[PDB]
Each structure stands twice: as C-alpha cells, then as structure tokens.
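Heads up: the structure comes next, in structure tokens.
Chains as they are written, first to last, in the entry's author numbering: chain L, 741 to 766, 788 to 817, 855 to 883; chain J, 2 to 34, 45 to 135, 187 to 297; chain H, 305 to 355; chain A, 252 to 302.
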C-alpha cells in the first residue's frame, strides 16, 4: 500500500476558454476518482428518528435534511447581531 | 455472571426470545449471586420492560418473572415514596433563607469538580504511593484512548458567520486538538524526565564555579586550591 | 493554519501540538522541531516551553 | 516514537544526584607509628582544608 500516488492529472491541451468554474492548477486538475458529496457535517445524535428507543410500520416525510444539523434560532442570532454592534 | 448485562447482550443481538437466559434455579439464580435491583436510570430499567414484554409470550417457562415484577412494585413504591417526599420537601422550605451566593459559588464549583473526580482545594521515593500516582496516569490515558476520532465542537458564536450547507467553519477542531495534546503529553513524560535529568545534573554537578557565595566560601576556595597543588620534585 | 502567529511566549495549541508531534517524530533535533512549530519560534524557546 | 511509557519502573528522576555540598573534603590524616613512639609526627596534612 503506497501513499505517494499522483491522483491529479493535467491534459496538455489548453482548453481554458469556458473553464472558470472548475478547479484549476494556477490547466485543469483531472483526478483519478470522482468527488464525495456530503449533506451535513454535524449529526444530531439525539432526535429519536435516529436514537430508536425500545418503547412503543410508520413513515415520516421530514422537511429536508436540516433537522439533523443543529441550527440556532434567529431570535438569538438577532440577540447576537445586537451583540455584534 | 452478569445477569443485568446478558439481558443487554440478548437485546443488542435482537434474540432475547430464542434463549431468554433459560430461567431456572440453576441459571437465573446463579448469575444473580430475586433480581439484584439494577442501578441505572433507564439503561437497565428499559431492559426489564422489554424482557417482561418478550417473556409475556412463554409466561410459564421462566419463573423469574415474579422476581422482576416484585421490583416493579418497589420501583413504583419508591417513586411514590419520593413524590410524597418531594412534596413534603417543597412545603418544608423556609420562606426566607436567602442562600448566599459566594458559598453557592463554592458549592457550584466544588460539586462540579467532585463530579468528574478531580482534586478540590478546601478554601472553607516511597514506591507504595508511586504506583498510586501512575495508576491514575494510566487511568487517564485509557480514558482518552476511548474517545471517537470524529469529535467536533459547536460554539454559540457561529451564528454571526452564517454557515451555509457546506461552509467548513473554523471552530470545528477546538476540542480535537486539546484531546491530543493531552494524550501525547501523557506518553512523553519520561522524555522530559530524561532532559530534566540531563539539565539538573549539568547545572548542579559543578555548583561552585557559577554560584558566587559558594565559590567565595572559605572551604570551597581552599579545596579548589588544594586539588591544584602540583607534586614536589625530590632533588 | 499557515499564517504567522502573535507575539511569542503565547504557545497556542497549534504550536503546542506541532511541538508534540515533532518529539514523537524526531525525539531530538530541536531545529527540526522549531520549524515544525512554524519556524517563528527559537530553539531556545521550545526547550524552555517543553521543560 | 522511541519513548517509554510513564508507568515504567523508572519513574524516579532523583537517584544518583550527589550535590557538591555533600562532597567529602580532604581532612587531616592522623597517623600511628607504634605503641612506644610518642615523639613521632603524629599526623599528616598535605592539602587538607581543615586543621
């Protein structure tokens, strides 16, 4: 098992005409494998949809992925933006 | 034989009905040495709820259900004992006491320190006690070496930054660095000991060339003179 | 982080851990420890910090 | 690393220090010649610090 593989490759043809959005060298980086898309970094380790207690076939279409991400209320953020200045 | 943990092993393996600990006088009474009245809040009490709910279907092969249901009466009694005792507590409060803050400051601080087992100041050789020091050091390393590697933080100050769905806020590793400075300094302790051995035994092994009152003492200045006496030549 | 830190003898946990990585890495060569802290710390200060 | 664990039987750090305030100083050397030599120079002092 080696560590020093390249995994980043550049085609010699300069196609930098419509390429202002991708990841450039500063040429285009062409990796060996695809990317990883992660939804949220912080998990909600409580929240009994995930905790599964052992008391008492049901579905629940929860609104989006933002239930499991620990977001603060706008009341405190306004209380903190008043604490800003 | 860990009767309160074999039920947790049967619950975690999702097969507490296929064996159900085989409750007889030879098995249900051997691991107990009446169930031993478990200690946790609900980690060993919700087990007995599912253990009874699973053993409701055999209901006769397991004679220990009477021992479990007797402690169900004792739990409902001592909660009812406390709920009358909490009510007789809340009426027995004097309407004026005016609890002092700086003692409650000394009561909030000393309780928080005594929770997680650290030494509390009052403000109110010998290898026997050398093992009792290193048994607390190795206690700490084995407690730091059971924390998960993906530990992250959340301060109350990130709401001024407006973190998006994928923004990578810079306060995520303010607990992870402090847990590895602690874990690695508890292994380089005999490394700074060797440097401090080489530091003390290099500044103190002379002790009479830099220290002024010792090199200006009568006995040292005579002895440093006496060792430099060259030999007398005969004839 | 890659930026230069504050006035010295402050010893942030980045500087503390990168010091602690090097002694686990090298066990000597305090030139090779001081640049691993970031190079803005002297040889005479990391040993003064470690002891 | 090559560090040992701090739950090792070396955790002593002060065993063979021997400060030079506890060093032995050369003192006077009382000699003995015989039982019936009471006119001999009874001792010897070459570079002794005390009398």
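C-beta atoms are modelled at their ideal positions from N, C-alpha and C, and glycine is treated no differently.
Kindly list the residues whose CB is nearer than 8 Å to the CB of residue i, restricted to its own chain and excluding five residues on each side of it in sequence; keep chain order.
| i | result |
| --- | --- |
| residue 52 (chain J) | none |
| residue 225 (chain J) | 231 |
| residue 755 (chain L) | 789 |
| residue 209 (chain J) | 241 |
| residue 782 (chain L) | No coordinates exist for residue 782 (chain L) in the structure shown, because the numbering of chain L passes directly from 766 to 788. |
Comparing alpha-carbon positions, which option in the options lies nearest residue i?
| i | options | result |
| --- | --- | --- |
| residue 351 (chain H) | J:75, J:261, J:118, J:291 | J:261 |
| residue 865 (chain L) | L:878, L:811, L:753, L:743 | L:811 |
| residue 89 (chain J) | J:129, J:48, J:11 | J:48 |
| residue 814 (chain L) | J:8, J:65, J:257, J:58 | J:58 |
| residue 318 (chain H) | J:273, J:256, J:237 | J:237 |
| residue 76 (chain J) | J:23, J:228, J:297 | J:23 |
| residue 273 (chain A) | J:282, J:201, J:290, J:288 | J:282 |
| residue 745 (chain L) | L:758, L:764, L:793, L:873 | L:793 |
| residue 2 (chain J) | J:207, J:28, J:133, J:277 | J:28 |
| residue 188 (chain J) | A:255, A:252, A:260 | A:260 |
| residue 282 (chain A) | A:294, A:289, A:290, A:269 | A:294 |
| residue 83 (chain J) | J:56, J:134, J:12 | J:56 |
| residue 797 (chain L) | J:110, J:124, J:228, J:6 | J:228 |
| residue 869 (chain L) | J:274, J:267, J:217 | J:217 |
| residue 287 (chain J) | J:270, J:295, J:296 | J:270 |
| residue 252 (chain A) | J:250, J:279, J:30 | J:250 |
Should residue i go down as buried or exposed, given a rule of 16 or more other Cβ atoms within 10 Å for buried?
| i | result |
| --- | --- |
| residue 107 (chain J) | exposed |
| residue 313 (chain H) | exposed |
| residue 257 (chain A) | buried |
| residue 341 (chain H) | buried |
| residue 876 (chain L) | exposed |
| residue 102 (chain J) | exposed |
| residue 62 (chain J) | buried |
| residue 191 (chain J) | exposed |
| residue 858 (chain L) | exposed |
| residue 4 (chain J) | buried |
| residue 327 (chain H) | buried |
| residue 334 (chain H) | buried |
| residue 296 (chain J) | exposed |
Checking contacts by CB at 8 Å: is residue i closer than that to chain H?
| i | result |
| --- | --- |
| residue 240 (chain J) | yes |
| residue 224 (chain A) | The requested residue 224 (chain A) is not part of the displayed model; chain A covers only 252 to 302. |
| residue 30 (chain J) | no |
| residue 257 (chain J) | yes |
| residue 252 (chain A) | yes |
| residue 247 (chain J) | yes |
| residue 250 (chain J) | yes |
| residue 261 (chain J) | yes |
| residue 297 (chain J) | no |
Can you list, in chain order, the residues of its chain whose CB lies under 6 Å from that of residue i, leaving out five sequence neighbours each side?
| i | result |
| --- | --- |
| residue 199 (chain J) | none |
| residue 284 (chain A) | 291 |
| residue 279 (chain A) | 294, 296, 299 |
Short check: CB of residue i to CB of residue j, under 8 Å?
| i | j | result |
| --- | --- | --- |
| residue 197 (chain J) | residue 131 (chain J) | no |
| residue 248 (chain J) | residue 321 (chain H) | no |
| residue 750 (chain L) | residue 762 (chain L) | no |
| residue 803 (chain L) | residue 867 (chain L) | yes |
| residue 258 (chain J) | residue 265 (chain A) | no |
| residue 301 (chain A) | residue 285 (chain J) | no |
| residue 298 (chain A) | residue 277 (chain A) | yes |
| residue 45 (chain J) | residue 78 (chain J) | yes |
| residue 213 (chain J) | residue 245 (chain J) | no |
| residue 254 (chain A) | residue 255 (chain J) | no |
| residue 344 (chain H) | residue 309 (chain H) | yes |
| residue 86 (chain J) | residue 21 (chain J) | no |
Indicate whether at least one CB of chain J lies closer than 8 Å to the CB of residue i.
| i | result |
| --- | --- |
| residue 855 (chain L) | no |
| residue 257 (chain A) | yes |
| residue 328 (chain H) | yes |
| residue 317 (chain H) | yes |
| residue 816 (chain L) | yes |
| residue 280 (chain A) | no |
| residue 809 (chain L) | no |
| residue 292 (chain A) | no |
Spatial neighbours of residue i within its chain, please: C-beta separation below 7 Å, excluding the five flanking residues on both sides.
| i | result |
| --- | --- |
| residue 223 (chain J) | 231 |
| residue 759 (chain L) | 789 |
| residue 215 (chain J) | 233, 234, 236, 237 |
| residue 220 (chain J) | 231, 233 |
If you measure from the beta carbon of residue i to each beta carbon in chain L, is any gap under 8 Å?
| i | result |
| --- | --- |
| residue 62 (chain J) | no |
| residue 57 (chain J) | yes |
| residue 107 (chain J) | no |
| residue 1 (chain J) | What the structure shows of chain J is the stretch from 2 to 297, and residue 1 (chain J) is not part of that stretch, so it cannot be assessed. |
| residue 216 (chain J) | yes |
| residue 222 (chain J) | yes |
Any beta carbon from chain A within less than 8 Å of residue i's own beta carbon?
| i | result |
| --- | --- |
| residue 331 (chain H) | yes |
| residue 288 (chain J) | yes |
Of all Cβ atoms in chain C, is any one closer than 8 Å to the Cβ of residue i?
| i | result |
| --- | --- |
| residue 196 (chain J) | In the displayed structure, chain C is absent; the protein chains listed are L, J, H and A. |
Is any heavy atom of the ligand HEM found at a distance shorter than 7 Å from the C-beta of residue i?
| i | result |
| --- | --- |
| residue 258 (chain A) | Of the ligands one can find in the structure shown there are none, so the ligand HEM has no counterpart to examine. |
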